[PDB]
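Given as structure tokens, the chain that follows is alone and in the form deposited in one PDB entry.
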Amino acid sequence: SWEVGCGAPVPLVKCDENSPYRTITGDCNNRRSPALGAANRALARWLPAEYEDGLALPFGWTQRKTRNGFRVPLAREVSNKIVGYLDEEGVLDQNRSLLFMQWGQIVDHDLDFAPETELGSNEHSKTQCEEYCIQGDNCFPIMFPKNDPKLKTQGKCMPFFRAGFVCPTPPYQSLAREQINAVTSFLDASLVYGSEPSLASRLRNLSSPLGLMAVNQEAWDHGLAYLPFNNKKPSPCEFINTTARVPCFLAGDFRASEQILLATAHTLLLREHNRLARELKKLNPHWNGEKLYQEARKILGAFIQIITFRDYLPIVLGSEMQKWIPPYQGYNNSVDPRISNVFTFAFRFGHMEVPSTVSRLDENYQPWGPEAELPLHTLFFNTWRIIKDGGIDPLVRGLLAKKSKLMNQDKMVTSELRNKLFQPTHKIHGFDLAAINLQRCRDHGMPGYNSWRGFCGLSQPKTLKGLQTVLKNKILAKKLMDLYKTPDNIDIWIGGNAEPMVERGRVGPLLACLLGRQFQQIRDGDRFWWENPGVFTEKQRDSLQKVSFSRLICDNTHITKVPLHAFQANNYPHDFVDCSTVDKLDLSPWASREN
């Protein structure tokens, strides 16, 4: 029982032992088990998968088959009855900058990516799912319910294609289906450098011995760099404006261009790497290219790790931070550093923090131009608003001065995402991220809400009155019972996000526990954790201790007025200071005298 491993996908396993740098694929991090945490391997299962047929079919596939004796409600109905809301007033988080939401997506894209299966190169089946809404194989359409407005203007469904899974790609059946994580489980800046050697290399500027990352040769941000373009067709960034004809960017991670602020954040990171390669050159003229690239890579990965664990997680978890992530004790080679399947859903809480508009601010932090504020849906895969309309400085100001959307039980996901999401190769700004999250949760064979409450050592409500007490909300509990007919069937994504927020944090107790464990594990289980003895020098470590997101902005834009604490709500000019009164990153301890 339980033979140890299917392993047709990741075959090659060769580990240079001495190495001072992480591999791109994440392999060799764990010396006892070298493939743990590498990209392109199955997501970890913290609990056995739950499928309608116990093997691969998701719940909601066969009409007559129930879950625990009940039909599961359509993803879109749960979306319409619980997730939507009209009034965008008073929905803003008075105490989290918009940078808060953005950093979450960034970290998230470093950690996991379960892309759709691909049997659609020169195919009809791409359209057979779009055109006629016929379920079968990897096509698992999100049907609209009886009273849905999209029925009137969009057809019968919203297309959806099941997520990639390991050994095969169309058929297989003996063990439960396990989805693939295409990025490294380590918080290693794989989103800047890539998780594949093919991409990692392409991203590099291999024309000179400076260990720099390739930059855009066709457009400049007033002297500063832009991410190179991804010359590939069909490009969705060109699709949203065929006049501007501006391609999507090429980053270590596929999704970089999905929305303009992520693209922005990716730009800052790329610049910081290069800035780091240049200062290291000055101090170490002898270091070759590779060394420069790697030493810069290594520094940027630490940066991402510090900001995430010192600044970000404490304000996501609040009071629960300590219960799950106690002070670092060092590298424990016994810990599973893989990202769990459920984490990829639990981290989607960030979806309720996305606001309906985005702004561009000038040097006085006032409306940049006559259309400074734009609706969120006009920015999906929009790279021209950056290239042909002000570079990233105006947007980075918005990220600092604007607020994230506070999650709210009566106002969960803004319609910009819930009704107007754009998906590549599909042609309308008419998709629903909430519905997709739900369908996806079933596609991954996720256990119900209570299995996870049980997993986290929390009560498992079984009645209306039961759920009200946990959700601390009668009306929401009723709507959920009416739809699910048992809390045992509530999809973990929505059940987890419906819980009230723990003191000082921005997620409920279930999620705090799920997020808490995962982050504790990617930290304790990482051999290259920045604070782990032997990775950096004692002196380099005191220099790193000084990074701030503020500093990153000062060093990589033309902004000189920034707050001290980037993730909290900050107003200009009061909460802002001059970049000069801000700790820089002293790179002296990287100088290497050996003569």
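Here the rigid core means the biggest group of C-alpha atoms that line up within 1.5 Å when the two forms are laid on top of each other. Numbers for residues come from their place in the sequence shown, where the first is 1.
Note to self: Please compare 468-476 with 111-119 and say which has the higher mean C-alpha temperature factor in the record.
What the structure shows: Comparing averages over the C-alpha atoms only gives 111-119.
Next item on the list: For the higher mean C-alpha B factor in the entry, choose 264-272 or 327-335.
Entry: Result: 327-335.
Check: From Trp220, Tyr449, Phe519, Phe347, which pick has the Cα B-factor that tops the rest in the entry?
Finding: Highest CA B-factor of the listed options: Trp220.
Notebook entry, point to check: Highest Cα B-factor in the deposition, which of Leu86, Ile306, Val91, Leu283?
Noted result: Across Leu86, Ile306, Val91, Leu283, the entry lists the biggest C-alpha B-factor for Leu283.
Next item on the list: Would you mind ranking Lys298 by its C-alpha B-factor against the rest of the chain and naming the third, lowest, middle or highest?
Entry: For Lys298, whose C-alpha B-factor we compare with every modelled residue in the chain, the answer is the middle third.
Note to self: Which third, lowest, middle or highest, does the C-alpha temperature factor of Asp410 belong to within its own chain?
What the structure shows: CA B-factor rank for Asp410: middle third.
Notebook entry, point to check: Where does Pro73 sit by CA temperature factor within its chain: lowest, middle or highest third?
Noted result: It falls in the bottom third of the chain.
Margin query: Is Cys139 in the lowest, middle or highest third of its chain when residues are ranked by C-alpha B-factor?
Written below: Top third by C-alpha B-factor.
Margin query: Where does the C-alpha B-factor of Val547 rank in its chain, lowest, middle or highest third?
Written below: It falls in the top third of the chain.
From this point on, the text means the form deposited in another entry, which you will not see here.
Item checked: Core-aligned C-alpha movement of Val13 between the shown form and the other one reaching 2 Å -> Shift at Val13: 2 Å or more after core fit.
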